[PDB]
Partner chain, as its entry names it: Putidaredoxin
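This document opens with one chain alone, in structure tokens, the form solved without the partner chain.
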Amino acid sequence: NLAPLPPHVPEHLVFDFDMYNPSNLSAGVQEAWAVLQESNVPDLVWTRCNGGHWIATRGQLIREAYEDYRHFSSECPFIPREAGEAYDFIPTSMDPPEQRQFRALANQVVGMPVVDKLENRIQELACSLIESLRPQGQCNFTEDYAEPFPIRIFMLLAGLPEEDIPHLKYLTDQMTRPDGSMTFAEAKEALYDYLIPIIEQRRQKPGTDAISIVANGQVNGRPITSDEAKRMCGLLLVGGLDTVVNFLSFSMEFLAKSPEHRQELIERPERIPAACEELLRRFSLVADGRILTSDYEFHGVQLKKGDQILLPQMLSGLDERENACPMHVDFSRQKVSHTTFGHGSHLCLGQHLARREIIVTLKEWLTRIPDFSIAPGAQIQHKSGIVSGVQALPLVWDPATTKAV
């Protein structure tokens, strides 16, 4: 289902990439995207899929576009347009200067100082989940760790019942990796139905949780509105539920396949932080975009007002112009160049949280379960979307090679 080419699009710029179902998905999600970076592909292409939109393919262009909010607006950041249109998260669907006030508040809730305070729980949960798995000699890493670990921490931060996970996780998934079961607006609405009563409750009787702080916050000298609080919280939920979860699975799949990388981390732990960056580069997984505010000629291509453009954060670090041998995992790269957590004014506020969760997992897993692999005859399937993911990750190990702590 290709959309008819608009008049302004030169036929030579056409490359029919489906962000939701790329062609070489079997080879892995990052590799399926990386087709965009082959020599036969222009830097800036138009795809007829998902209603027609531009895609910048090179880290240089992606960064420029991300910097330029005047031309590339966040108003409609999701493809397809109906999703971008329904999209009303804060701060994400706002441009500076307006964005700034909302960002400052979101920052109060997820930033460094929160990470620092939660550090002990993160460590406690990771150790507990791992120890609980260790003697089994097998899990479903996606269901058994990648989900619970980051989610439970978010749940704790947000002061929401663990019981809500399944319902919430379903709705968030619908947003990044649409099933066809529900449209964006429907999904958005169901999440909002969820949050409304809670926000209400927390404006009346505040707690110390993230929702309480957002609901009762100050933006541009006045109080946040209920609707504004709803729209921030909605974003927080998607970030909490859908990011760290998927990343861990890519990373753990790689480690399961690469003894020499595991060993490296076991023997030279000083390297963890560097490896975490390298994994964030190689297993980058986010792709959103912007909307043209006006007619604009960008690197010799004429963009029309209202045109959406995908600026895949995933792609920058995979670009050979940015990193030599991109598909190769090297913990000792002199410079790890990525835009995994975004670029420009929308840089990921939850990054500090994400990094802490990753580093803990690496350290803690490797400590107890140094030797593991993918289950014999399991085929690992990746899934593409706004946030890419791994369907299931069956791991096996010999308990006798594990270490209790």
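Numbering follows the first chain given and starts at 1.
What comes next is about the form solved in complex with the partner chain, which is not displayed.
Interface membership of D371, defined by any non-hydrogen atom within 4.5 Å of the partner chain in the deposited bound form, is ruled out. Shown alone here, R100 lies within 4.5 Å of the partner chain in the deposited bound form, counting heavy atoms only. At least one heavy atom of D116 is located within 4.5 Å of the partner chain in the deposited bound form. In the deposited bound form, none of the heavy atoms of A274 sits within 4.5 Å of a heavy atom of the partner chain. The stretch that touches the partner chain in the deposited bound form, counting heavy atoms within 4.5 Å, is 106-114, out of 141-149, 106-114, 124-132, 74-82.
Note on contacts: among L349, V45, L362, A34, the single residue with a heavy atom within 4.5 Å of the partner chain in the deposited bound form is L349.
With the partner omitted from this view, the residue of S337, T367, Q60, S345 that lies near the partner chain in the deposited bound form is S345 [heavy atom within 4.5 Å].
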